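# Residue-level structural notes
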Amino acid sequence: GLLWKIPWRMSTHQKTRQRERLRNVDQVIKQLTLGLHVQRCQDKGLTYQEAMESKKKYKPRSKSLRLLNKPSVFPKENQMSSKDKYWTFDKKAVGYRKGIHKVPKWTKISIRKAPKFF
Amino acid sequence: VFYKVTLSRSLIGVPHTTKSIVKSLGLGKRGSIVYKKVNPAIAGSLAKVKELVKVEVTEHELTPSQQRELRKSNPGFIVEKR
Amino acid sequence: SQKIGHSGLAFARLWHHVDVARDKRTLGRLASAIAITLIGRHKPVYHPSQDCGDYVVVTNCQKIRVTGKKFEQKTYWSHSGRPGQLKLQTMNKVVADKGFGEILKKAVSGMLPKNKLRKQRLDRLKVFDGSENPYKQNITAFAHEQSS
Amino acid sequence: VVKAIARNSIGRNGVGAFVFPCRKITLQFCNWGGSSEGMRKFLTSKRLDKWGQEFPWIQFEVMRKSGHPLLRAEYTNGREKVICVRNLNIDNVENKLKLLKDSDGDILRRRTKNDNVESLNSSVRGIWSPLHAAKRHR
Amino acid sequence: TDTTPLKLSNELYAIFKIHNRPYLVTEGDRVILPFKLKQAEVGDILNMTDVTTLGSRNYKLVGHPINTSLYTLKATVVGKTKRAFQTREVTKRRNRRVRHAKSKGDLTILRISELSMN
RNA sequence: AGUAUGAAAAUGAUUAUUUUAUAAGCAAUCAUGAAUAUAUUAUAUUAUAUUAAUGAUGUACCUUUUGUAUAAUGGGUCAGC
RNA sequence: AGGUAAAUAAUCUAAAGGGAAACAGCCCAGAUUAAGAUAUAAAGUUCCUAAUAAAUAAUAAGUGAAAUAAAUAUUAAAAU
RNA sequence: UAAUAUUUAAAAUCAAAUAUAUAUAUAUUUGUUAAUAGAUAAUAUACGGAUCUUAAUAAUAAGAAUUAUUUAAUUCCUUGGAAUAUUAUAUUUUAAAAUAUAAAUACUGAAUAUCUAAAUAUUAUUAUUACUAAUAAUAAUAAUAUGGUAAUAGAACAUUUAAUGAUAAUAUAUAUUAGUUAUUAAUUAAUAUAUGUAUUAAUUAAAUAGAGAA
Ligand SMILES: [Mg+2]
Ligand SMILES: [Mg+2]
Ligand SMILES: [Mg+2]
Ligand SMILES: [Mg+2]
Ligand SMILES: [Mg+2]
Ligand SMILES: [Mg+2]
Ligand SMILES: [Mg+2]
Ligand SMILES: [Mg+2]
Ligand SMILES: [Mg+2]
Ligand SMILES: [Mg+2]
Ligand SMILES: [Mg+2]
Ligand SMILES: [Mg+2]
Ligand SMILES: [Mg+2]
Ligand SMILES: [Mg+2]
Ligand SMILES: [Mg+2]
Ligand SMILES: [Mg+2]
Ligand SMILES: [Mg+2]
Ligand SMILES: [Mg+2]
Ligand SMILES: [Mg+2]
């Protein structure tokens with residue numbers, strides 16, 4: 001019909017970009033957590049520097065942040081597998097897999113955890 | 001403590017809920033920088049749009065004027081009137 | 001300021017020489033390299049609105065390096081306007097007919113920018129299967145290089 | 001033998017002294033004519049005096065003519081800008097005057113991308129040569 | 001930094017940067033800045049406090065703002081005039097209305113009066 | 001279908017300047033040599049104007065459409081209405 | 001089925017710009033006007049064509065190099 | 001270690017890494033085949049094209065432009081530092097060796113963002129000018145906003161007529177060319193043609209008030 005010339009693989013450059021994006025997302029989360037921790041420290045009664053130093057850093061309480069922190073639910077880039085950085089689970093593909101770059105707004109969308117065996 | 005939150009990706013193409021969230025966050029345009037007090041709610045909000053946003057924790061916030069001043073380039077000259 | 005001065009030497013066409021016997025670049029790479037020279041992209045005075053490229057003499061083109069089975073299998077094509085008159089010739093066949101020089105030339109042509117200047121640039125490139133050629137005298141040569 | 005071929009020197013306005021580019025400004029107006037109201041006001045308002053005080057190297061003529069009001073300005077190079085200040089008010093007229101003063105007389109002209117400097121000095125370093133390059137080509 | 005061979009030469013060029021825009025000049029040149037200056041008026045003089053590189057035919061001093069002690073490079077403002085007026089015509093491909101986008105940007109003209117070693 | 005006047009355009013011939021006989025496509029825009037013309041401050045290493053070297057960019061306009069370079073509608077050009 | 005009917009989101013409609021060779025709807029990004037120094041997005045970096053250097057493996061078919069063609073067969077390689 | 005019959009797996013198992021008490025245990029995370037054939041139609045080969053797979057002897061020199069996993073020299077500790085190596089340069093010493101320096105921020109890439117100026121509107125601060133001065137006009141500073149069909153809203157200009165109306169052949173009107181003012185307009189200069197000269201400037205009132213689209 002109408003030619004949408006989009007390849008089934010990604011170029012190395014694309015892959016690298018994807019990786020970078022993933023890393024950035026992780027970093028954002030990390031930063032958020034750090035901020036929360038330092039706020040907690042300040043509330044308790046410490047300085048900024050002191051808070052930064054502290055061995056026992058506080059985990060976040062809010063559900064979403066906690067979930068993000070868990071690597072079971074939301075892996076970090078170094079943890080993540082090759083097969084999940086550049087492919088998603090498609091319920092109706094051959095091999096039940098599909099290049100992430102096919103997913104509508106893949107540059108914004110985050111999607112790490114494919115199914116366990118698929 | 002304060003978050004320095006930047007909109008690093010355009011809202012164009014992003015679902016309207018997410019757009020709304022971003023608007024609430026006080027982020028008007030791409031590349032726009034906001035300094036938000038750190039409380040859990042704000043953090044939660046940021047989490048939702050994490051893929052659009054670049055964040056970093058800082059000691060103190062900055063008023064827009066201050067930010068502008070910081071931005072300004074060095075005019076490599078000193079005028080003398082005669 | 002910088003552009004002001006005697007600019008005659010800049011826009012002088014140098015003759016370069018490449019001995020394909022003594023060059024280990026494979027065909028395509030070599031062609032690409034030559035293309036740049038022809039265009040004149042190597043010189044800082046280049047501007048796209050100007051043919052300012054140098055002359056390239058290729059010699060010993062018989063010893064050019066081609067990889068894989070391309071000598072046998074790589075097919076050059078030519079079509080008249082007339083349907084059914086598609087000529088498809090293998091590289092070896094072409095070589096037998098015209099020479100390795102032709103091969104090289106084709107590659108260079110392909111490389112080059114597709115505009116008026118192209119043909120001139122192509123013609124600047126002078127290729128010879130063996131060693132001997134009529135340009136031996138005019139290749140650029142310095143006085144300090146004369147130890148040999 | 002050495003023979004001289006004639007030439008002349010080129011003036012560089014700012015290198016030694018600096019002559020001020022604008023020389024005369026003629027405020028032209030009309031008593032009758034609503035278009036010339038702002039100009040009239042300007043003429044009235046001691047602003048002109050102030051301007052004169054500020055910039056004594058440039059002279060202000062004040063003509064009376066029946067048409068629209070003008071600010072014809074005369075520059076060192078010879079050229080003359082002329083701005084018709086039809087229906088403007090005092091402040092706008094003043095702004096126009098300022099603009100006129102600021103400009104050198106030179107004609108307007110399209111600049112290309114990044115054409116900044118304009119010299120008549122031979123390059124300090126030479127023009128590149130293929131034979132005198134640090135790196136030979138191949 | 002031994003700055004004798006710059007001192008001794010007669011021809012000398014400088015690469016000063018106004019707002020990070022580099023301009024490469026000798027004495028007597030006219031630099032056309034693509035903006036309107038408010039600090040300087042006509043007839044004023046600017047001492048350049050950012051000069052990336054001073055150079056003779058064969059030697060060149062360099063550095064991120066090299067000391068004002070070493071050189072004297074001062075430009076006088078000659079003109080504040082605009083570059084010629086243009087009406088680029090903006091429109092789509094089956095829409096009769098047009099948006100005339102006018103353009104008459106402003107220029108400041110300098111003259112490099114002094115360019116010497118100190 | 002009044003009388004004067006008429007350097008309004010389309011259209012024809014001719015002359016000048018310039019470009020053009022190895023080059024391919026809305027004929028423009030931007031870059032950019034060269035040639036010519038004018039200029040009573042070109043002092044010039046000058047400024048403007050004209051001009052299809054050369055390079056890059058560039059699917060006419062309207063209508064109607066989910067959508068038009070479309071091989072969908074409409075228009076030979078200009079002047080008046 | 002470039003089919004049809006609704007659901008959710010985006011874009012197009014009414015959106016120019018960069019990429020996808022060319023491209024309404026894809027990937028990024030929303031043109032007030034310039035200017036062009038600094039960050040860059042998606043995409044790329046032998047030449048055409050703006051920009052590249054590395055590391056470890058595998059491939060010898062031009063497979064492949066921006067639109068992956070199936071069962072199956074042959075040959076090899078690992079693991080038990 | 002040969003032959004032997006399956007399987008193409010990190011679930012289990014092993015290895016490595018991260019988080020919890022911590023030289024261990026617990027929990028999580030990652031790591032398991034490749035070629036060839038099968039293969040195919042009609043204007044013309046069809047990765048967009050050139051073309052790309054490397055080699056001693058020799059290059060101040062090429063070594064994938066494919067596929068998979070990565071990096072921004074390589075290794076360790078926690079963006080940094082160190083070491084190692086490489087390249088380049090300088091100086092000394094006998095084409096080498098020693099010392100010091102630099103490079104390691106890959107780069108391109110939009111009309112994106114910033115910077116750099118300009119315009120407009122709004123919000124908040126000003127400064128100057130002039131007797132709803134709590135205003136207006138202009139200029140600053142900070143911020144936000146300025147794609148757009150159907151459509152809504154606001155503001156201007158050209159043309160012609162009516163009311164009021166100086167002026168003048170050195171004037172005017174129209175035309176051509178070159179200037180000027182952020183420029184559908186007007187104005188300046190030169191030139192040509194009228195004309196004893198504006199329904200002229202400006203404010204109102206109105207319109208047979210603007211045409212590449214029938
Ligand atoms: Mg397509
Ligand atoms: Mg349409
Ligand atoms: Mg149109
Ligand atoms: Mg189209
Ligand atoms: Mg017709
Ligand atoms: Mg349908
Ligand atoms: Mg419609
Ligand atoms: Mg578009
Ligand atoms: Mg929209
Ligand atoms: Mg916009
Ligand atoms: Mg192939
Ligand atoms: Mg294919
Ligand atoms: Mg075919
Ligand atoms: Mg390709
Ligand atoms: Mg912008
Ligand atoms: Mg608008
Ligand atoms: Mg009508
Ligand atoms: Mg008409
Ligand atoms: Mg029209």
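Conventions and cut-offs
Residues numbered from 1 in each chain as written, not as in the entry; some residues may be left out. Chains lettered and ligands numbered in written order. Part of a larger assembly, values for the part shown. Heavy atoms only, no water. UniProt positions renumbered as here; feature names shortened; annotations may be inferred. Near = heavy atom within 4 Å. Polar contact = N/O pair within 3.5 Å; in protein donor to acceptor, adjacent residues only side chain to side chain. Helix = DSSP H or I, 4+ residues; strand = E, 2+ residues; numbered from the N terminus. Buried < 20%, exposed > 50% of the residue type's maximum accessible area, 1.4 Å probe, protein only. Arc of directions from axis to C-beta. Contact = heavy atoms within 4.5 Å. Nonpolar A, V, L, I, M, F, W, Y, C, P; charged D, E, K, R; others polar. Core = buried A, V, L, I, M, F, W, Y, C linked by side-chain atoms within 4.5 Å. Patch = residues over 30% accessible without salt bridge, like charges linked within 9 Å, V, L, I, M, F, W, Y side chains within 5 Å. Areas by Shrake-Rupley, 256 points an atom, 1.4 Å probe, with all protein chains shown as cover. Salt bridge = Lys/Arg side-chain N within 4 Å of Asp/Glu carboxyl O. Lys, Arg positive; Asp, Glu negative; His and termini not counted. Charge placed at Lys NZ, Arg CZ, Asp CG, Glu CD. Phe/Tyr/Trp six-rings, centres within 6.5 Å; stacked < 30°, edge-to-face > 60°. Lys NZ or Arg CZ within 6 Å of the ring centre and 35° of its normal.

As recorded by the PDB entry, chain E carries the name 54S ribosomal protein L49, mitochondrial and is attributed to Saccharomyces cerevisiae. The header of this PDB entry states its title as "Structure of the yeast mitochondrial large ribosomal subunit". Recorded in UniProt for chain E, the comment headed Subcellular location runs: "Mitochondrion". In its Sequence similarities section, the UniProt entry covering chain E states "Belongs to the bacterial ribosomal protein bL21 family."

As named in the PDB entry, chain D is 54S ribosomal protein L51, mitochondrial, taken from Saccharomyces cerevisiae. Recorded in UniProt under Subunit, the annotation for chain D is "Component of the mitochondrial large ribosomal subunit (mt-LSU). Mature yeast 74S mitochondrial ribosomes consist of a small (37S) and a large (54S) subunit. The 37S small subunit contains a 15S ribosomal RNA (15S mt-rRNA) and 34 different proteins. The 54S large subunit contains a 21S rRNA (21S mt-rRNA) and 46 different proteins." Its UniProt record, at the heading Subcellular location, says of chain D: "Mitochondrion".

## Comments concerning the protein's contact with RNA strand F
Around RNA strand F sit 28 residues in total, of which C:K116, D:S9, D:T76, D:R109 and E:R93 are the nearest. A share of 75% is what sugar and phosphate atoms reach among the atoms of RNA strand F within 4 Å of the protein. Within the side chain of D:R23, a nitrogen or oxygen atom sits 2.8 Å from a base oxygen of RNA strand F. Of all the secondary structure elements, the ones that give two or more residues to the surface near RNA strand F are α5 (117-124) of chain C together with β3 (70-75) of chain D.

## What about α5(C)?
All names here are of chain C. Regarding α5, the residues found buried are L117, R121, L122 and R124. Taken around the axis of α5, the buried residues stretch over an arc of 155°, which confines them to a single face. In the core, the buried residues of α5 are packed alongside α1 (27-39), β2 (55-59), α4 (100-111) and β5 (125-127).

## Section: the protein's contact with RNA strand H
Surveying the vicinity of RNA strand H reveals 83 residues, the closest of which are A:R19, A:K85, B:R71, C:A107 and D:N89. What you see for RNA strand H is that sugar and phosphate hold 67% of its atoms within 4 Å of the protein. C:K24 is positioned such that a nitrogen or oxygen atom in its side chain is 2.8 Å from a sugar or linking oxygen of RNA strand H. In this structure, a sugar or linking oxygen belonging to RNA strand H sits 2.7 Å away from a side-chain N or O atom of D:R47. Its residues assigned to classes, the surface near RNA strand H comprises 21 nonpolar, 24 polar and 38 charged.

## Description of the nonpolar core
Here is a general trend for soluble globular proteins: nonpolar side chains tend to be buried in one another's company. Formed by 34 residues in total, the largest nonpolar core has its most connected members in A:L32, B:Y3, B:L27, B:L46, B:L52, B:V53 and B:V55. Of all the elements in the fold, those that place two or more residues in this core are α1 (12-44), α2 (48-53) and α3 (63-69) of chain A together with β1 (2-7), α1 (16-24), α2 (40-48) and β3 (53-58) of chain B. Counting residues per element, this core draws most heavily on α1(A), which supplies seven residues. With residues up to four places along the chain from it excluded, the contact list for B:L46 reads A:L32, B:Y3, B:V5, B:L25, B:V53 and B:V55.

## Quick look at a positive patch on the surface
On the surface, D:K96, E:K36, E:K38, E:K82 and E:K104 cluster together into a patch of positive charge. Considering the arrangement of structural elements, one finds E:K104 in the loop between β9 (99-103) and β10 (106-117). Residue E:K104 is classed as partly exposed on the basis of its relative accessible area, which comes to 39%.

## Some points on the packing of aromatic side chains
Evaluated as defined, the whole model comprises 12 aromatic pairs over all chains. Chaining the aromatic ring pairs together yields one cluster made of D:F18, D:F20, D:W51, D:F55 and D:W57. Here the basic side chain of A:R21 rests over the ring of A:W106, its NZ or CZ set 4.6 Å away from the ring centre. Of note, A:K44 hangs over the ring of A:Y58, and the distance from its end group to the ring centre comes to 5.5 Å.

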